[PDB]
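Enquirer: Below is a structure I'd like to ask you about.
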Amino acid sequence: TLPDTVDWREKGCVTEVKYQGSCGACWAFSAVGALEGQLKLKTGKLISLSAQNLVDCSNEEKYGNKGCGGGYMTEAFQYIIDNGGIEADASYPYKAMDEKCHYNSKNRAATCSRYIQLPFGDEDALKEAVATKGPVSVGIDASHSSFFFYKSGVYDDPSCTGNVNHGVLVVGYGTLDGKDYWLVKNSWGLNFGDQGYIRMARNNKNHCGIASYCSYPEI
Ligand SMILES: *C(=N)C1(NC(=O)[C@@H]2C[C@@H](S(=O)(=O)c3ccccc3C(F)(F)F)CN2)CC1
């Protein structure tokens, strides 16, 4: 049986909330956030990993990422696999602009061997993965102003669609005042939502596309 409530923050598997700025790096923050969870679960250390390393070094057709022009979490993971590593934020900090790649293997702080994609639209599979694997990268439709109006409760705007546009991180789930939710870490700083997080409707027919494109890496 799966736990009724999960919050990876409580297990020290989630780093501080980041601020992407004007750079379209949501995908990179979502990817590093999933890998940070796995790194903590394997090594016992909680380390912020370099979103900028992803932005600078996978901006080419091989990956179909475009740096600050947007990208995909699974292609971030594929880069880390191909590259044999990724740096920590501390040695490769965030600039919110495209830069020339300067990855250095002496500063490797994590690796990725493979990644897993969950079945499209399957919220039961997402629940199982969050409970048993760790934080999971997902895409959502975050294109409605109500997403930024949100401060507390469970986000469930009827104007959401299945047409996703932003990569974020699912770090838990539960039920709040009788409404099932996913606990989502964003990359808009602490001023977004509830200290950087939004609780999004769970079990409402794949609302906002949250279970359409779920993936997580393995160290
Ligand atoms: C983030 N600041 C911005 N969005 C992106 O870079 C997006 C993330 C992904 S997605 O989540 O929207 C996505 C769309 C369609 C199919 C699959 C996905 C997946 F797999 F990533 F979830 C694509 N670009 C605004 C730049």
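By the numbers in Swiss-Prot, the shown part of chain A spans 122-340.
Determined by X-ray crystallography, 1.2 Å, according to the entry header.
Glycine too: its Cβ is placed from the backbone N, Cα and C atoms.
If you look up Swiss-Prot, you'll see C147, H287, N307 marked as active site. Among the features that Swiss-Prot reports, disulfide bond is placed at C134-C233, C144-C189, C178-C222, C281-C329.
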Enquirer: May I ask which of the recorded positions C147, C189, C222, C329 is closest to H287 (active site) if we compare their C-alpha atoms?
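Expert: Checking each of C147, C189, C222, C329 against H287 (active site), the shortest Cα distance is to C147.
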Enquirer: So which of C144, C189, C233, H287, listed as recorded positions, have a Cβ under 6 Å from an atom of ligand 1?
Expert: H287
Enquirer: Please identify, among the recorded positions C144, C147, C189, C222, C233, the one with the smallest Cα-Cα distance to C329 (disulfide bond).
Expert: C147
Enquirer: When DSSP is mapped onto helix/strand/coil, what comes out for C134 (disulfide bond)?
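Expert: It is coil.
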Enquirer: Which one is it: of the recorded positions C134, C144, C147, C233, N307, whose Cα lies the shortest distance from the Cα of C222 (disulfide bond)?
Expert: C144
Enquirer: Considering Cα atoms only, can you say which of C134, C178, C233, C281 is the nearest neighbour of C147 (active site) among these disulfide-bonded residues?
Expert: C178
Enquirer: Where the distance is taken from Cα to Cα, which of the recorded positions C144, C178, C189, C281, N307 turns out closest to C233 (disulfide bond)?
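Expert: Sorting the recorded positions by distance from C233 (disulfide bond), the top entry is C178.
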